[PDB]
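Enquirer: One structure, pasted below without further comment.
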Amino acid sequence: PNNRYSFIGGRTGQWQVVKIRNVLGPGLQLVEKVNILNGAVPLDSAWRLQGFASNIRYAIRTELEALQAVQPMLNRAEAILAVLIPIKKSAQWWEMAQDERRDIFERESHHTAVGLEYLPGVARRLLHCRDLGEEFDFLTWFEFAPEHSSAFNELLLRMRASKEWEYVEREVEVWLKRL
Amino acid sequence: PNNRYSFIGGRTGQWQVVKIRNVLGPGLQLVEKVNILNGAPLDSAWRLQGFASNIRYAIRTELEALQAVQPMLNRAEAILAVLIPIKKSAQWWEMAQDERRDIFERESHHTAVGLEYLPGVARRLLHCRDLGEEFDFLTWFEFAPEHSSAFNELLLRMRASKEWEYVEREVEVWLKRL
Ligand code: HEM
Ligand code: HEM
Ligand SMILES: [Cl-]
Numbered sequence: 001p002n003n004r005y006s007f008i009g010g011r012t013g014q015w016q017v018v019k020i021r022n023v024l025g026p027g028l029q030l031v032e033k034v035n036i037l038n039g040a041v042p043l044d045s046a047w048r049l050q051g052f053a054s055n056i057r058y059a060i061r062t063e064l065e066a067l068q069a070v071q072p073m074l075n076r077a078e079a080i081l082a083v084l085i086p087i088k089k090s091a092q093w094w095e096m097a098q099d100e101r102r103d104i105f106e107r108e109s110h111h112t113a114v115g116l117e118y119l120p121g122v123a124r125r126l127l128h129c130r131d132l133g134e135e136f137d138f139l140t141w142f143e144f145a146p147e148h149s150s151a152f153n154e155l156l157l158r159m160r161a162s163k164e165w166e167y168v169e170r171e172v173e174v175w176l177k178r179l
Numbered sequence: 180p181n182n183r184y185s186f187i188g189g190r191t192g193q194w195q196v197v198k199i200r201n202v203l204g205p206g207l208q209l210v211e212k213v214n215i216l217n218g219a220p221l222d223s224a225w226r227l228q229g230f231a232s233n234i235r236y237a238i239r240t241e242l243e244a245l246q247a248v249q250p251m252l253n254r255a256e257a258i259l260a261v262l263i264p265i266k267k268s269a270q271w272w273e274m275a276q277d278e279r280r281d282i283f284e285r286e287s288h289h290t291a292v293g294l295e296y297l298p299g300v301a302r303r304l305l306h307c308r309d310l311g312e313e314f315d316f317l318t319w320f321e322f323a324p325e326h327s328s329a330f331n332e333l334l335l336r337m338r339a340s341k342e343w344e345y346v347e348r349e350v351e352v353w354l355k356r357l
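This is how it looks when you write it as structure tokens:
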């Protein structure tokens with residue numbers, strides 16, 4: 001539907017693949033371009049990822065207000081670089097209660113506080129796909145100007161050192177350049 | 180996916196429709212039976228679908244209390260079932276996580292009230308807003324005939340809660356197991 005998005009790796013698309021880092025677990029086959037389509041769905045395509053936009057799961061009102069105060073819009077003119085990061089979390093994560101996951105997410109890991117410092121440099125989108133039976137749980141999307149490449153790379157090193165990332169069992173970085 | 184379930188109202192299925200009460204908003208056309216399929220035909224009036232998902236509000240202490248009393252599905256005695264599709268308003272979904280949790284339990288005592296009716300009533304929760312469905316949730320309950328009066332009481336207590344001020348559409352589909 002309107003909230004469903006598909007990412008198709010192949011020879012066509014609006015984004016050129018700069019590199020793919022297989023951070024953790026099985027990776028994705030290297031391709032020339034990524035085609036992004038609004039909806040569900042590839043002759044010379046190597047892989048296909050899909051997720052949906054959904055409601056807030058963890059952020060509290062005060063956190064949303066801070067985010068909504070500075071987060072930039074998508075498709076900025078200077079935002080020619082983008083990074084697609086599919087992520088999967090362990091079964092131990094999904095069996096835990098809501099309060100247990102909230103505490104790890106922000107209290108122990110400060111996911112929102114840490115990321116909020118890298119705005120408005122980085123725009124972001126979050127898509128869910130575990131409920132669709134996909135091989136990943138989330139598709140995360142970030143786009144920024146080349147100036148913030150080092151800053152974004154620093155954020156990744158920090159996030160991957162948090163308690164939350166002890167439950168990440170698969171992760172891939174797909175670096176993209178807008179055409 | 181095997182977490183997906185479809186409910187097909189028509190002339191075939193494992194459950195006979197006893198009654199359909201259109202509580203709030205547009206209802207569902209009355210049919211003869213409901214067929215349940217684990218996954219995603221002619222002579223079918225409507226199809227509803229949803230998926231099982233992770234916990235969204237319950238805290239550990241509440242999960243422990245539920246797991247200590249909640250019964251399993253498919254009890255021999257539980258020949259009655261009720262399918263209640265629900266849709267919540269757009270104002271509900273725009274709220275933050277803490278705002279919705281506070282309405283759900285602090286103000287409405289959803290879990291505390293519901294616990295008073297276990298182990299008599301077995302339950303299942305399916306999500307479908309994210310699939311673009313006309314409802315947000317498909318809730319399933321099954322129980323022996325002795326608990327039908329208690330279940331109607333539960334419904335009235337729930338619909339008087341703060342949480343239900345955000346329900347925009349609700350239908351009751353009473354079923355008997357064939
Ligand atoms: C750069 C600024 C960032 C900000 C402001 C930010 C903020 C947030 C917020 C508020 C949520 C919670 C959404 C909700 O409540 O439903 C979230 C979820 C998430 N973020 Fe970020 N984040 C950032 C960067 C990142 C990065 C760099 C990654 C991965 C490399 C990432 C991966 C995730 C994942 C996987 C989730 C979902 C976790 C779950 O639901 O279990 N985020 N982010
Ligand atoms: C009979 C005993 C009941 C118990 C033990 C119970 C318990 C619960 C619990 C713990 C949740 C939270 C699940 C989560 O955190 O993801 C929940 C969600 C829900 N329940 Fe119940 N409940 C009962 C009866 C009912 C009834 C009678 C209805 C409707 C007529 C109902 C409708 C719902 C809905 C719609 C949700 C999802 C709410 C949302 O996510 O916004 N429940 N229930
Ligand atoms: Cl689908």
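Those protein sequence lines, which keep their order, are chains P and Z. Each residue of the first sequence is one higher than the one before, counting from 1 in this note's numbering. Each residue of the second sequence is one higher than the one before, counting from 180 in this note's numbering. Note that beta-carbon positions come from the ideal geometry of N, C-alpha and C, so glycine has one too.
1. Residue range of the alpha helix (DSSP H) that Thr62(P) falls in?
2. Given that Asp44(P) touches chain Z, what residues does it touch there, using C-beta distances under 7 Å?
3. At which residues does the beta strand (DSSP E) containing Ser327(Z) begin and terminate?
4. On the three-pair Cβ rule with 8 Å, is the stretch 102-111 of chain P touching the stretch 42-55 of chain P?
5. Should residue 420(Z) be listed as close to ligand 2, given that the test is whether its C-beta is under 7 Å from any heavy atom?
6. Quick one: Cα of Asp277(Z) to Cα of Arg57(P), how far?
7. Does ligand 2 have even one heavy atom less than 7 Å from the beta-carbon of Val300(Z)?
8. How would you call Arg11(P), buried or exposed, if buried means at least 16 neighbouring beta carbons within 10 angstroms?
9. Given 7 Å as the limit, tell me if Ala53(P) has its C-beta closer than that to any heavy atom belonging to ligand 3.
10. Check whether chain Z comes within 8 Å of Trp47(P), counting only Cβ atoms and requiring the distance to be less than that.
11. Find the residues of chain P that neighbour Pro180(Z), judging by a C-beta separation of less than 7 Å, and give them in chain order.
12. Can you have a look at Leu252(Z) and say buried or exposed, based on whether 16 or more other CB atoms are within 10 angstroms of its CB?
13. Are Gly229(Z) and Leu334(Z) touching if we call contact CB-CB under 8 Å?
14. Suppose you measure from the CA of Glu295(Z) to the CA of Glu243(Z); what does that come to, to the nearest Å?
15. For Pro120(P), which option in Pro72(P), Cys129(P), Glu135(P) has the closest C-alpha, if you only look at C-alpha atoms?
16. Between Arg130(P) and the rest of its own chain, which residues show a CB-CB distance below 7 Å, the 5 nearest in sequence each way excluded?
17. Which complete beta strand (DSSP E) runs does the stretch 242-309 of chain Z hold, if anything under 3 residues is left out?
18. Please name the residues in the stretch 50-72 of chain P whose beta-carbon is closer than 8 Å to at least one beta-carbon of chain Z, in chain order.
19. Could you check what DSSP says for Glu134(P) in three-state terms: helix, strand or coil?
20. Using DSSP with H/G/I as helix, E/B as strand and the rest coil, what is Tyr184(Z)?
21. Just the chain P side, please: which residues come within less than 8 Å of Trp272(Z) by C-beta, in chain order?
22. In chain order, what residues of the same chain lie with their CB nearer than 6 Å to the CB of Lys266(Z), ignoring the 5 residues before and after it?
23. Among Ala40(P), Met96(P), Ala53(P), which has the Cα closest to the Cα of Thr240(Z)?
24. Who are the neighbours of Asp99(P) on chain Z, taking C-beta pairs under 7 Å?
25. When you measure from the CB of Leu333(Z) to every non-hydrogen atom of ligand 2, does any distance come out below 7 Å?
26. Would you say the beta carbon of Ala82(P) comes nearer than 7 Å to a heavy atom of ligand 3?
27. Could you name the residues of the same chain whose beta carbon sits closer than 6 Å to that of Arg303(Z), not counting the 5 residues immediately before and after it, in chain order?
28. Candidates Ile8(P), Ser90(P), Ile80(P): which alpha carbon is nearest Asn233(Z)'s?
29. Within 10 Å of its beta-carbon, does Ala260(Z) have 16 or more other beta-carbons around it, so buried, or fewer, so exposed?
30. Return the chain-ordered list of same chain residues with a C-beta closer than 6 Å to the C-beta of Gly27(P), the five sequence neighbours on each side being excluded.
31. Helix, strand or coil for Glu211(Z) per DSSP?
32. Just checking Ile56(P) against ligand 1 - is the residue's beta carbon closer than 7 Å to any of the ligand's heavy atoms?
33. Whose C-beta lies closer than 8 Å to the C-beta of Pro146(P) among residues of the same chain, with five residues either side of it excluded?
34. Do you know how far the Cα of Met337(Z) is from the Cα of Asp281(Z)?
35. What does a CB cutoff of less than 6 Å around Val31(P) pick up in its chain, not counting 5 residues either side in sequence?
Expert: In this structure, then:
1. 61-70
2. Those within 7 Å of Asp44(P) in chain Z number zero; the least Cβ separation is about 27 Å.
3. Taken as a continuous stretch (DSSP letters only), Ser327(Z) belongs to no beta strand (DSSP E), being part of the alpha helix (DSSP H) at 327-338.
4. no
5. Outside the shown range of chain Z, which is 180 to 357, sits residue 420(Z), and nothing can be said about it.
6. 9 Å
7. yes
8. exposed
9. no
10. no
11. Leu132, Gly133
12. exposed
13. no
14. 15 Å
15. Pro72(P)
16. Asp137
17. 259-267, 301-306
18. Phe52, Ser54, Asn55, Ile56, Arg57, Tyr58, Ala59, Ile60, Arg61, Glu63, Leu64
19. coil
20. strand
21. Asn55
22. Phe314, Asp315, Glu347, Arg348
23. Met96(P)
24. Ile238, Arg239
25. yes
26. no
27. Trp319
28. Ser90(P)
29. buried
30. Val172
31. coil
32. yes
33. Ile80, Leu81
34. 15 Å
35. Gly9, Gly10, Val17, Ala46
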